Amino acid sequence: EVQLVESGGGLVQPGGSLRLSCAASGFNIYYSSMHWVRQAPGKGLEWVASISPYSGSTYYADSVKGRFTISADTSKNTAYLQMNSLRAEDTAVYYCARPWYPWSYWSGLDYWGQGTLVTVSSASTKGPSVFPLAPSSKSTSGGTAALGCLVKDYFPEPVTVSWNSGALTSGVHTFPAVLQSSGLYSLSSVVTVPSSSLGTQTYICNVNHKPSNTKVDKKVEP
Amino acid sequence: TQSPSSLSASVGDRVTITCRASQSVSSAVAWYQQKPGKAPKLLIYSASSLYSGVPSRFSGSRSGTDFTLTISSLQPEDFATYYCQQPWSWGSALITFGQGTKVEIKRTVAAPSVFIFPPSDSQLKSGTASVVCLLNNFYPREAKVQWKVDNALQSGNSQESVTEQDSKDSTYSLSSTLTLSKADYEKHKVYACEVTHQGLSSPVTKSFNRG
Amino acid sequence: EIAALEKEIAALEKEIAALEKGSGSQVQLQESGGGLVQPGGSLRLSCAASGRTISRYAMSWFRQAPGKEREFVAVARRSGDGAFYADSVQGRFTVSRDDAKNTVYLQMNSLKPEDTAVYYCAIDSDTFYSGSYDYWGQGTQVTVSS
Amino acid sequence: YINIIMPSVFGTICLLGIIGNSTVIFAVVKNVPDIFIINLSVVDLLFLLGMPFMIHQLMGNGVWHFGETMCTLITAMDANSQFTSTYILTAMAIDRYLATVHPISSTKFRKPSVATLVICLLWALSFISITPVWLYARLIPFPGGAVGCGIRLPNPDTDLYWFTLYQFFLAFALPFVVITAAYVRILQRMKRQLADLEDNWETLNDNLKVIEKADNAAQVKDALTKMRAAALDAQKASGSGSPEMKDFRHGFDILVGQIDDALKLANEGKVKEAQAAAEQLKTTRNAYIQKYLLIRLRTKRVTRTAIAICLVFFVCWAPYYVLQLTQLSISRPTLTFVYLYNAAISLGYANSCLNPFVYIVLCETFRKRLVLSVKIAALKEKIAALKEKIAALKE
Ligand SMILES: Cc1ccc(NC(=O)C(C)C)cc1C1CCN(Cc2ccc(Oc3ccc(F)c(F)c3)cc2)CC1
């Protein structure tokens, strides 16, 4: 079975150097064609580079030509992608894929790796700023009311938002994080409960952020 | 450049995913299936040949300059984003992936429930104000949120975030956050969120007054 | 900026939907086939559109029961995008288009007395199915009663 | 009506020309390398500015009640237009000649700053080449209070020939020869280049069919090695034309790489793989011609547009110089001669209208903007009218 294990992804400031590694097992990398495909968060697949170790021919996409340098090490059976002059748009998930035959890359890349995440951002590790979205005082008396916690300006992802330590799961929506113009993510997490329970039940959001080791428990009240 | 298209279909339907090329395609397209959070998988190679582990439902056709992937019997595990490998053109990159076509579960149209949350007092101490407008449990995905402040349309200062289709009722959810500084927050009085959706005869507007 | 000025032209069409007066170069909407019918029968509606080409825009359907709002019924998007139906009308209704005739049809079956209303039609002005409805017909009295 | 018909003919030309030239003036600021047309547009602009003043003289039948300085300035400017336009057209022919015949040595020459420097010389050379016009631009002592505005040669009975011949020789004879010479070298160079790429391309197909029927490692390597040499030769041959270098050069990286992909497999003896690797080359060859045909169609559009602009000028003014040389032999004009003389000049001044109009017509990008611009401007006025119409309902 063909397996492609990858590593090297992580945080790197703009203009830095990051060498991505793609360990290959189950086949010899010499008679193959390793392709690097990146997928920007929320965008489609985009090709980056390819190399044929047997012939040495190396192709690059126009958008990354001259900045990246893909190479292979037949001794270690691994393929490298040396990235230089990284920009903000280079943040994506980089897969290393190879076709069934080394010359059949136009018929589809059959085998794909697990993928690694490369995050390029000049922002530093900052804890979240939890702000409660108080439920509307004048809501449907017999209907449903919405309340949530606005997690704002945290870095890096992710943050685990749970309500009442997991006791409340019904009606809970945790929106995907959004990259603000300042380079810091911010997400909301609204939960819908009957309006009759606003005055009795206590709702507390447990915003947990492992990278900054910050544990915030905010109480939301009208 | 272009967001992936949406193709709503129910289980058992016969779907047709079409990608359009700039020239006459000659057996140079491969179809990829990518579930959210997973590596893409190959479905059809050489535009007419089944792939290993792929049932007979998947089959690639060729209608002029447009190549179509047909699923005879849709399955619950066939709901993903499908990418098409464009036939190679001279001067382009070695491999080019076309825009995806998200296949999603079809259900009855439900009007979006609109909630708006005024910024809390705790956040106002930081000097930045964020206004949250919530759209809850609506279908289909396509919805538009326009921000009106003192009956003036905003632009370039709001970000939307749509959840994935829910696993229970197959409905969506949207939240539009309006980012304003403290100085700009106090200069206005009426904040409104105008919601227009295909299931709404007239746009639903929820608003609040500062104080 | 043609697309942006088309969006402006749409906003200009929204300034013509600030006019929003009749069907002069706005799609014609003349509901037909609506009348008395016993419960459990079958009835069809039609709204022939002229003045604009509806092959590029989505056409929807609405109904308004007496003492009720304008609840959604069905939408017929552009060819190949499928058609969606409301929960109450799911299974019984079926909406079909005719691009050459610029007319939409609402083939209704297994009618119930609760469906007695005036079935208003609309066309989505936006090309992205954002629900930007700007045109409506006079409607026809569709009474489902013996 | 007959007397007043001729001034109306020139007024129509001037009205269309000023409107037509201003269209290009607005559009280009908001085919030719975006430089010569700009200068050529000004020549029509400057000439047509003095056109109504010259029209009034024809209306007055020998009246120049505007000033002796105006007669010197305007007459020289009109006589400057023929020298300036042809030199600009000559430069455009020369500029396209260097970009296609000597691309390596003309890379530095074709620069935004350098091109503007040459234009200033062309204007200066135009003013230098019209020095005799300056010397004898004084008012003609017409009988009575009226004064004529023409060329007062010291010996008009004898100096008429050399003044007339000098304009034809330098403004219509010499530039036509240079422009025609430039545009026959280009067509031969383009034909030679286009017949070379297909000649190198045909080398691939003949070798490509060998590998399919090849049955040993020896034949495959030799067949592929011929392909690579042609591929490199075709890659270098791409750098010989203007609209064939920045677009037809990137693709050859794939073609050379794929040949090297098969070549390495051929050397190892894996013939079955080598044939399979070469089999994918038919998708490169099939995409080779389409980009070639697309580019070859575009390089004919550039050449035809460049020639059409030049060809219009030397065709409209051709009959006028026929009479101009004819009147040297036939000094006395007849009734038909005056009609022919007036008709010839009308065709010659029609160049003011075609040059901006034909350039916009022979390109789909300009008319797309014009259709866009006209509709949005009218619709913006219509909604502004609606902004009054809906106001009339509401306000
Ligand atoms: C041969 C040639 C080639 C090109 C241009 N340059 C252009 O074409 C522009 C670039 C568009 C000019 C000329 C000659 C310049 C000396 N010209 C003599 C002339 C003047 C005045 C007149 O009598 C009118 C007086 C007023 C008028 F409005 C009128 F049309 C005629 C008769 C004859 C004849 C043309």
# chains A, B, ... in the order shown; residues from 1 in each chain; ligands from 1

$ closest_atom_pairs --of "stretch 43-134 of chain A" --to "stretch 181-196 of chain A" --cutoff "12 Å" --atoms "only C-alpha atoms" --output "JSON lines"
{"residue": "A:88", "atom": "CA", "partner": "A:183", "partner_atom": "CA", "distance": 9.6}
{"residue": "A:91", "atom": "CA", "partner": "A:183", "partner_atom": "CA", "distance": 11.9}
{"residue": "A:119", "atom": "CA", "partner": "A:183", "partner_atom": "CA", "distance": 11.2}
{"residue": "A:120", "atom": "CA", "partner": "A:183", "partner_atom": "CA", "distance": 10.0}
{"residue": "A:121", "atom": "CA", "partner": "A:183", "partner_atom": "CA", "distance": 6.8}
{"residue": "A:122", "atom": "CA", "partner": "A:183", "partner_atom": "CA", "distance": 7.6}
{"residue": "A:123", "atom": "CA", "partner": "A:183", "partner_atom": "CA", "distance": 6.2}
{"residue": "A:124", "atom": "CA", "partner": "A:184", "partner_atom": "CA", "distance": 9.1}
{"residue": "A:125", "atom": "CA", "partner": "A:184", "partner_atom": "CA", "distance": 9.4}
{"residue": "A:126", "atom": "CA", "partner": "A:184", "partner_atom": "CA", "distance": 8.4}
{"residue": "A:127", "atom": "CA", "partner": "A:184", "partner_atom": "CA", "distance": 10.1}
{"residue": "A:128", "atom": "CA", "partner": "A:186", "partner_atom": "CA", "distance": 8.3}
{"residue": "A:129", "atom": "CA", "partner": "A:186", "partner_atom": "CA", "distance": 9.0}
{"residue": "A:130", "atom": "CA", "partner": "A:188", "partner_atom": "CA", "distance": 9.6}
{"residue": "A:131", "atom": "CA", "partner": "A:188", "partner_atom": "CA", "distance": 9.5}
{"residue": "A:132", "atom": "CA", "partner": "A:188", "partner_atom": "CA", "distance": 9.5}
{"residue": "A:133", "atom": "CA", "partner": "A:190", "partner_atom": "CA", "distance": 8.2}
{"residue": "A:134", "atom": "CA", "partner": "A:190", "partner_atom": "CA", "distance": 10.1}

$ write_last_selection --atoms "N, CA, C and O atoms" --output "tab-separated table (two decimals), in the first residue's frame"
chain	number	residue	atom	x	y	z
A	88	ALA	N	1.61	36.28	2.50
A	88	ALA	CA	0.39	36.00	3.24
A	88	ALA	C	-0.48	34.97	2.53
A	88	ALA	O	-1.10	34.13	3.18
A	91	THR	N	-0.36	30.83	2.86
A	91	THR	CA	-0.99	30.05	3.92
A	91	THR	C	-2.03	29.11	3.31
A	91	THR	O	-3.02	29.57	2.72
A	119	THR	N	1.16	27.93	8.02
A	119	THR	CA	0.53	29.18	8.43
A	119	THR	C	1.57	30.29	8.38
A	119	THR	O	2.56	30.25	9.12
A	120	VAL	N	1.35	31.26	7.50
A	120	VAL	CA	2.25	32.40	7.35
A	120	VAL	C	1.51	33.64	7.85
A	120	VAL	O	0.52	34.07	7.24
A	121	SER	N	1.99	34.21	8.94
A	121	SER	CA	1.37	35.39	9.52
A	121	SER	C	2.37	36.04	10.47
A	121	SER	O	3.05	35.35	11.23
A	122	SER	N	2.43	37.37	10.43
A	122	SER	CA	3.36	38.12	11.26
A	122	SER	C	2.85	38.35	12.68
A	122	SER	O	3.60	38.85	13.52
A	123	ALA	N	1.60	37.99	12.96
A	123	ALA	CA	1.06	38.18	14.30
A	123	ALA	C	1.67	37.20	15.29
A	123	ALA	O	2.10	36.10	14.92
A	124	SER	N	1.71	37.61	16.55
A	124	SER	CA	2.23	36.79	17.63
A	124	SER	C	1.09	36.11	18.38
A	124	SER	O	-0.08	36.44	18.22
A	125	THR	N	1.46	35.13	19.20
A	125	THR	CA	0.49	34.38	19.99
A	125	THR	C	-0.25	35.30	20.96
A	125	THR	O	0.35	35.86	21.88
A	126	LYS	N	-1.56	35.46	20.76
A	126	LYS	CA	-2.38	36.34	21.57
A	126	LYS	C	-3.62	35.59	22.04
A	126	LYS	O	-4.26	34.88	21.25
A	127	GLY	N	-3.95	35.74	23.32
A	127	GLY	CA	-5.12	35.10	23.88
A	127	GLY	C	-6.41	35.72	23.40
A	127	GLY	O	-6.45	36.87	22.94
A	128	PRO	N	-7.50	34.96	23.48
A	128	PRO	CA	-8.79	35.47	23.00
A	128	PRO	C	-9.35	36.55	23.91
A	128	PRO	O	-9.01	36.65	25.09
A	129	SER	N	-10.22	37.37	23.33
A	129	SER	CA	-10.96	38.40	24.06
A	129	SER	C	-12.44	38.05	23.97
A	129	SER	O	-13.13	38.44	23.03
A	130	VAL	N	-12.93	37.31	24.97
A	130	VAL	CA	-14.28	36.78	24.93
A	130	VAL	C	-15.26	37.89	25.30
A	130	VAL	O	-15.14	38.52	26.35
A	131	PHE	N	-16.23	38.13	24.42
A	131	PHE	CA	-17.29	39.10	24.65
A	131	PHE	C	-18.64	38.41	24.53
A	131	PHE	O	-18.91	37.77	23.51
A	132	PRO	N	-19.51	38.53	25.53
A	132	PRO	CA	-20.80	37.82	25.47
A	132	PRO	C	-21.82	38.57	24.63
A	132	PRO	O	-21.98	39.79	24.74
A	133	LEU	N	-22.52	37.82	23.78
A	133	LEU	CA	-23.63	38.35	23.00
A	133	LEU	C	-24.91	38.10	23.79
A	133	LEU	O	-25.48	37.00	23.74
A	134	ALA	N	-25.35	39.10	24.54
A	134	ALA	CA	-26.49	38.93	25.41
A	134	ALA	C	-27.75	38.66	24.59
A	134	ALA	O	-27.95	39.26	23.53

$ interface_residues --of "chain D" --to "chain A" --cutoff "8 Å" --atoms "only C-alpha atoms" --output "CSV table (one decimal) with N, CA, C and O atoms, in the first residue's frame"
chain,number,residue,atom,x,y,z
D,253,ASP,N,8.8,24.4,-21.9
D,253,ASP,CA,9.4,23.7,-20.7
D,253,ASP,C,8.8,22.4,-20.5
D,253,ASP,O,9.5,21.4,-20.1
D,254,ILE,N,7.5,22.3,-20.7
D,254,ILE,CA,6.8,21.0,-20.6
D,254,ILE,C,7.2,20.0,-21.6
D,254,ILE,O,7.5,18.8,-21.4
D,257,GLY,N,10.8,18.9,-21.0
D,257,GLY,CA,10.8,18.0,-19.8
D,257,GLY,C,10.2,16.6,-20.1
D,257,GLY,O,10.8,15.6,-19.7
D,260,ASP,N,12.6,14.6,-22.0
D,260,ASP,CA,13.7,14.1,-21.1
D,260,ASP,C,13.1,13.0,-20.2
D,260,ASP,O,13.9,12.1,-19.8
D,261,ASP,N,11.8,13.1,-19.8
D,261,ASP,CA,11.2,12.0,-19.1
D,261,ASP,C,11.3,10.7,-19.8
D,261,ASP,O,11.6,9.7,-19.2
D,264,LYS,N,15.2,9.4,-20.5
D,264,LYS,CA,15.9,8.7,-19.4
D,264,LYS,C,15.3,7.3,-19.3
D,264,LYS,O,16.1,6.4,-19.0
D,276,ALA,N,5.1,4.3,-23.4
D,276,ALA,CA,4.0,4.8,-22.7
D,276,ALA,C,4.3,6.3,-22.3
D,276,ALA,O,3.4,7.1,-22.4
D,277,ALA,N,5.5,6.6,-21.9
D,277,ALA,CA,5.9,8.0,-21.6
D,277,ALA,C,5.8,8.9,-22.8
D,277,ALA,O,5.3,10.0,-22.8
D,280,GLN,N,2.1,10.0,-24.1
D,280,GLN,CA,1.5,11.2,-23.5
D,280,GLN,C,1.9,12.5,-24.3
D,280,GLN,O,1.2,13.5,-24.2

$ residues_around --residues "residue C:6" --least-positions-apart "6" --cutoff "12 Å" --atoms "only C-alpha atoms" --output "PyMOL selection string"
(chain C and resi 12-14+125-127) or (chain D and resi 372-373+375-376+379-380)

$ write_last_selection --atoms "N, CA and C atoms" --output "tab-separated table (two decimals), in the first residue's frame"
chain	number	residue	atom	x	y	z
C	12	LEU	N	-29.87	50.27	-10.61
C	12	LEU	CA	-30.69	51.12	-11.47
C	12	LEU	C	-32.02	50.45	-11.81
C	13	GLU	N	-31.99	49.15	-12.12
C	13	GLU	CA	-33.22	48.37	-12.16
C	13	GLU	C	-33.91	48.34	-10.80
C	14	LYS	N	-33.15	48.46	-9.71
C	14	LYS	CA	-33.76	48.67	-8.40
C	14	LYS	C	-34.23	50.11	-8.21
C	125	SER	N	-34.50	39.03	-9.40
C	125	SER	CA	-33.74	39.94	-10.25
C	125	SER	C	-32.26	39.58	-10.27
C	126	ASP	N	-31.71	39.17	-9.13
C	126	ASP	CA	-30.30	38.84	-9.04
C	126	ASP	C	-29.99	37.58	-9.84
C	127	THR	N	-28.76	37.50	-10.34
C	127	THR	CA	-28.29	36.33	-11.06
C	127	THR	C	-27.59	35.32	-10.15
D	372	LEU	N	-20.33	49.24	-23.69
D	372	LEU	CA	-20.47	49.38	-22.24
D	372	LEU	C	-20.63	50.85	-21.85
D	373	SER	N	-19.73	51.71	-22.34
D	373	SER	CA	-19.73	53.11	-21.92
D	373	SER	C	-21.01	53.83	-22.35
D	375	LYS	N	-24.03	52.54	-23.04
D	375	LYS	CA	-25.21	52.06	-22.32
D	375	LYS	C	-25.24	52.59	-20.89
D	376	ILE	N	-24.12	52.51	-20.18
D	376	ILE	CA	-24.11	52.95	-18.78
D	376	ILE	C	-24.32	54.45	-18.69
D	379	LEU	N	-27.99	54.96	-19.45
D	379	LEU	CA	-28.76	54.45	-18.33
D	379	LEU	C	-28.58	55.32	-17.09
D	380	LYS	N	-27.35	55.76	-16.82
D	380	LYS	CA	-27.12	56.68	-15.71
D	380	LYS	C	-27.88	57.99	-15.91

$ residues_near_ligand --ligand "ligand 1" --cutoff "7 Å" --atoms "only C-alpha atoms and all ligand atoms" --output "list in words"
residues 7, 10, 43, 44, 47, 51, 52, 54, 55, 57, 58, 78, 79, 81, 82, 85, 317, 321, 345, 346, 348, 349, 351 and 352 of chain D

$ write_last_selection --atoms "N, CA, C and O atoms" --output "short mmCIF file (atom, residue, chain, number, x, y, z; two decimals), in the first residue's frame"
data_model
loop_
_atom_site.label_atom_id
_atom_site.label_comp_id
_atom_site.auth_asym_id
_atom_site.auth_seq_id
_atom_site.Cartn_x
_atom_site.Cartn_y
_atom_site.Cartn_z
N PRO D 7 -17.58 74.13 -48.59
CA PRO D 7 -17.31 74.38 -47.17
C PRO D 7 -18.04 73.43 -46.23
O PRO D 7 -17.51 73.09 -45.17
N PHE D 10 -16.01 70.07 -45.97
CA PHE D 10 -14.89 70.13 -45.03
C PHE D 10 -15.36 70.25 -43.59
O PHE D 10 -14.72 69.70 -42.69
N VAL D 43 -1.56 64.95 -34.34
CA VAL D 43 -1.35 65.57 -35.65
C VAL D 43 -2.68 65.88 -36.31
O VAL D 43 -2.88 66.97 -36.87
N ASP D 44 -3.61 64.92 -36.27
CA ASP D 44 -4.97 65.20 -36.74
C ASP D 44 -5.63 66.27 -35.90
O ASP D 44 -6.33 67.14 -36.42
N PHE D 47 -4.04 69.72 -36.77
CA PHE D 47 -4.42 70.13 -38.12
C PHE D 47 -5.88 70.58 -38.18
O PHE D 47 -6.20 71.59 -38.81
N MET D 51 -8.28 73.94 -39.20
CA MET D 51 -9.17 73.70 -40.34
C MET D 51 -10.26 74.75 -40.49
O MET D 51 -10.42 75.28 -41.60
N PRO D 52 -11.04 75.10 -39.46
CA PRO D 52 -12.11 76.09 -39.67
C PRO D 52 -11.60 77.45 -40.13
O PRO D 52 -12.29 78.14 -40.89
N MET D 54 -9.05 77.96 -42.15
CA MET D 54 -8.83 77.82 -43.58
C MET D 54 -10.15 77.71 -44.34
O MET D 54 -10.23 78.12 -45.50
N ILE D 55 -11.18 77.15 -43.70
CA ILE D 55 -12.49 77.04 -44.34
C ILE D 55 -13.06 78.42 -44.62
O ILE D 55 -13.62 78.68 -45.70
N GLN D 57 -11.53 81.15 -45.25
CA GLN D 57 -10.87 81.73 -46.41
C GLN D 57 -11.52 81.24 -47.70
O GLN D 57 -11.73 82.02 -48.64
N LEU D 58 -11.84 79.94 -47.77
CA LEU D 58 -12.57 79.42 -48.93
C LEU D 58 -13.96 80.03 -49.02
O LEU D 58 -14.45 80.31 -50.12
N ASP D 78 -0.75 73.22 -41.52
CA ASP D 78 -1.36 72.34 -42.51
C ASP D 78 -0.31 71.63 -43.34
O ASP D 78 -0.41 70.43 -43.59
N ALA D 79 0.71 72.37 -43.79
CA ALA D 79 1.80 71.75 -44.53
C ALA D 79 2.68 70.88 -43.64
O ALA D 79 3.41 70.02 -44.15
N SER D 81 1.38 68.79 -41.41
CA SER D 81 0.65 67.56 -41.12
C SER D 81 1.09 66.42 -42.03
O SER D 81 1.27 65.29 -41.57
N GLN D 82 1.27 66.69 -43.33
CA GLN D 82 1.70 65.65 -44.25
C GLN D 82 3.07 65.10 -43.87
O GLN D 82 3.30 63.89 -43.92
N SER D 85 2.64 63.28 -40.17
CA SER D 85 1.89 62.03 -40.16
C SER D 85 2.68 60.91 -40.83
O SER D 85 2.76 59.79 -40.30
N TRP D 317 -4.58 59.94 -50.38
CA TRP D 317 -3.81 61.04 -50.95
C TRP D 317 -3.15 60.68 -52.28
O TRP D 317 -2.53 61.55 -52.90
N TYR D 321 -2.02 63.62 -55.45
CA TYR D 321 -0.69 63.83 -56.03
C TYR D 321 -0.64 63.48 -57.51
O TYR D 321 0.26 63.96 -58.21
N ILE D 345 -8.97 66.43 -52.85
CA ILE D 345 -8.63 66.94 -51.53
C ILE D 345 -9.63 66.43 -50.49
O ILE D 345 -9.25 66.13 -49.35
N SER D 346 -10.90 66.31 -50.87
CA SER D 346 -11.90 65.79 -49.94
C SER D 346 -11.58 64.35 -49.54
O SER D 346 -11.70 63.99 -48.37
N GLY D 348 -8.55 63.10 -49.60
CA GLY D 348 -7.32 63.17 -48.82
C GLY D 348 -7.56 63.54 -47.37
O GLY D 348 -6.94 62.97 -46.47
N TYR D 349 -8.45 64.50 -47.13
CA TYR D 349 -8.76 64.90 -45.76
C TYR D 349 -9.70 63.93 -45.06
O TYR D 349 -9.91 64.07 -43.85
N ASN D 351 -8.84 61.12 -44.34
CA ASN D 351 -7.95 60.41 -43.43
C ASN D 351 -8.11 60.88 -41.99
O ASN D 351 -7.78 60.12 -41.07
N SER D 352 -8.59 62.10 -41.77
CA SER D 352 -8.81 62.58 -40.41
C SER D 352 -9.85 61.73 -39.69
O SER D 352 -9.79 61.58 -38.46
#

$ interface_residues --of "chain C" --to "chain D" --cutoff "12 Å" --atoms "only C-alpha atoms" --output "PDB file with N, CA and C atoms, in the first residue's frame"
ATOM      1  N   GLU C   1     -15.630  47.709 -15.251  1.00  0.00           N
ATOM      2  CA  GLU C   1     -16.573  47.756 -14.140  1.00  0.00           C
ATOM      3  C   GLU C   1     -17.983  47.424 -14.626  1.00  0.00           C
ATOM      4  N   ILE C   2     -18.051  46.711 -15.755  1.00  0.00           N
ATOM      5  CA  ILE C   2     -19.338  46.390 -16.372  1.00  0.00           C
ATOM      6  C   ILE C   2     -20.193  45.549 -15.431  1.00  0.00           C
ATOM      7  N   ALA C   3     -19.593  44.532 -14.806  1.00  0.00           N
ATOM      8  CA  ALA C   3     -20.325  43.741 -13.821  1.00  0.00           C
ATOM      9  C   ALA C   3     -20.738  44.590 -12.627  1.00  0.00           C
ATOM     10  N   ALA C   4     -19.831  45.440 -12.141  1.00  0.00           N
ATOM     11  CA  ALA C   4     -20.189  46.374 -11.079  1.00  0.00           C
ATOM     12  C   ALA C   4     -21.224  47.386 -11.555  1.00  0.00           C
ATOM     13  N   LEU C   5     -21.114  47.842 -12.805  1.00  0.00           N
ATOM     14  CA  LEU C   5     -22.129  48.724 -13.364  1.00  0.00           C
ATOM     15  C   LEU C   5     -23.372  47.979 -13.829  1.00  0.00           C
ATOM     16  N   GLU C   6     -23.275  46.668 -14.071  1.00  0.00           N
ATOM     17  CA  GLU C   6     -24.478  45.841 -14.110  1.00  0.00           C
ATOM     18  C   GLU C   6     -25.114  45.730 -12.731  1.00  0.00           C
ATOM     19  N   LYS C   7     -24.299  45.529 -11.694  1.00  0.00           N
ATOM     20  CA  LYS C   7     -24.819  45.590 -10.333  1.00  0.00           C
ATOM     21  C   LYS C   7     -25.426  46.956 -10.050  1.00  0.00           C
ATOM     22  N   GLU C   8     -24.760  48.021 -10.502  1.00  0.00           N
ATOM     23  CA  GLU C   8     -25.387  49.336 -10.506  1.00  0.00           C
ATOM     24  C   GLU C   8     -26.626  49.357 -11.393  1.00  0.00           C
ATOM     25  N   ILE C   9     -26.541  48.773 -12.592  1.00  0.00           N
ATOM     26  CA  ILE C   9     -27.722  48.674 -13.451  1.00  0.00           C
ATOM     27  C   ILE C   9     -28.822  47.883 -12.755  1.00  0.00           C
ATOM     28  N   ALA C  10     -28.449  46.820 -12.040  1.00  0.00           N
ATOM     29  CA  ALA C  10     -29.408  46.156 -11.164  1.00  0.00           C
ATOM     30  C   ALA C  10     -29.924  47.107 -10.091  1.00  0.00           C
ATOM     31  N   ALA C  11     -29.028  47.879  -9.472  1.00  0.00           N
ATOM     32  CA  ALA C  11     -29.468  48.952  -8.588  1.00  0.00           C
ATOM     33  C   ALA C  11     -30.243  50.018  -9.349  1.00  0.00           C
ATOM     34  N   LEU C  12     -29.872  50.273 -10.606  1.00  0.00           N
ATOM     35  CA  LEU C  12     -30.691  51.122 -11.466  1.00  0.00           C
ATOM     36  C   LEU C  12     -32.016  50.453 -11.812  1.00  0.00           C
ATOM     37  N   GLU C  13     -31.990  49.153 -12.121  1.00  0.00           N
ATOM     38  CA  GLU C  13     -33.223  48.372 -12.158  1.00  0.00           C
ATOM     39  C   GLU C  13     -33.915  48.341 -10.802  1.00  0.00           C
ATOM     40  N   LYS C  14     -33.155  48.459  -9.712  1.00  0.00           N
ATOM     41  CA  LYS C  14     -33.757  48.673  -8.402  1.00  0.00           C
ATOM     42  C   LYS C  14     -34.226  50.108  -8.211  1.00  0.00           C
ATOM     43  N   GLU C  15     -33.649  51.060  -8.946  1.00  0.00           N
ATOM     44  CA  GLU C  15     -34.274  52.370  -9.072  1.00  0.00           C
ATOM     45  C   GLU C  15     -35.426  52.350 -10.069  1.00  0.00           C
ATOM     46  N   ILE C  16     -35.457  51.355 -10.960  1.00  0.00           N
ATOM     47  CA  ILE C  16     -36.665  51.034 -11.714  1.00  0.00           C
ATOM     48  C   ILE C  16     -37.572  50.108 -10.909  1.00  0.00           C
ATOM     49  N   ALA C  17     -37.019  49.414  -9.917  1.00  0.00           N
ATOM     50  CA  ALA C  17     -37.800  48.805  -8.848  1.00  0.00           C
ATOM     51  C   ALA C  17     -38.008  49.749  -7.673  1.00  0.00           C
ATOM     52  N   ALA C  18     -37.465  50.965  -7.745  1.00  0.00           N
ATOM     53  CA  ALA C  18     -37.996  52.054  -6.935  1.00  0.00           C
ATOM     54  C   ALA C  18     -39.194  52.699  -7.621  1.00  0.00           C
ATOM     55  N   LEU C  19     -39.163  52.780  -8.953  1.00  0.00           N
ATOM     56  CA  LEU C  19     -40.393  52.943  -9.720  1.00  0.00           C
ATOM     57  C   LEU C  19     -41.337  51.772  -9.476  1.00  0.00           C
ATOM     58  N   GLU C  20     -40.909  50.565  -9.863  1.00  0.00           N
ATOM     59  CA  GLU C  20     -41.614  49.313  -9.595  1.00  0.00           C
ATOM     60  C   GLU C  20     -43.115  49.408  -9.831  1.00  0.00           C
ATOM     61  N   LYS C  21     -43.518  50.030 -10.937  1.00  0.00           N
ATOM     62  CA  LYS C  21     -44.912  50.420 -11.114  1.00  0.00           C
ATOM     63  C   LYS C  21     -45.735  49.302 -11.753  1.00  0.00           C
TER      64      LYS C  21
END

$ atom_distance --atom1 "atom CA of residue B:196" --atom2 "atom CA of residue A:173"
21.1 Å

$ residues_around --residues "residue B:45" --least-positions-apart "5" --cutoff "9 Å" --atoms "only C-alpha atoms" --output "NGL selection string"
(:A and (106-108 or 110)) or (:B and (27-31 or 50-51 or 60))

$ select_by_dssp --residues "stretch 54-203 of chain A" --states "strand (DSSP E)" --output "MDAnalysis selection string"
chainID A and resid 58:60 68:73 78:83 92:98 111:112 116:120 129:133 144:154 160:163 172:174 178:179 185:194 203

$ atom_distance --atom1 "atom CA of residue A:135" --atom2 "atom CA of residue A:207"
18.2 Å
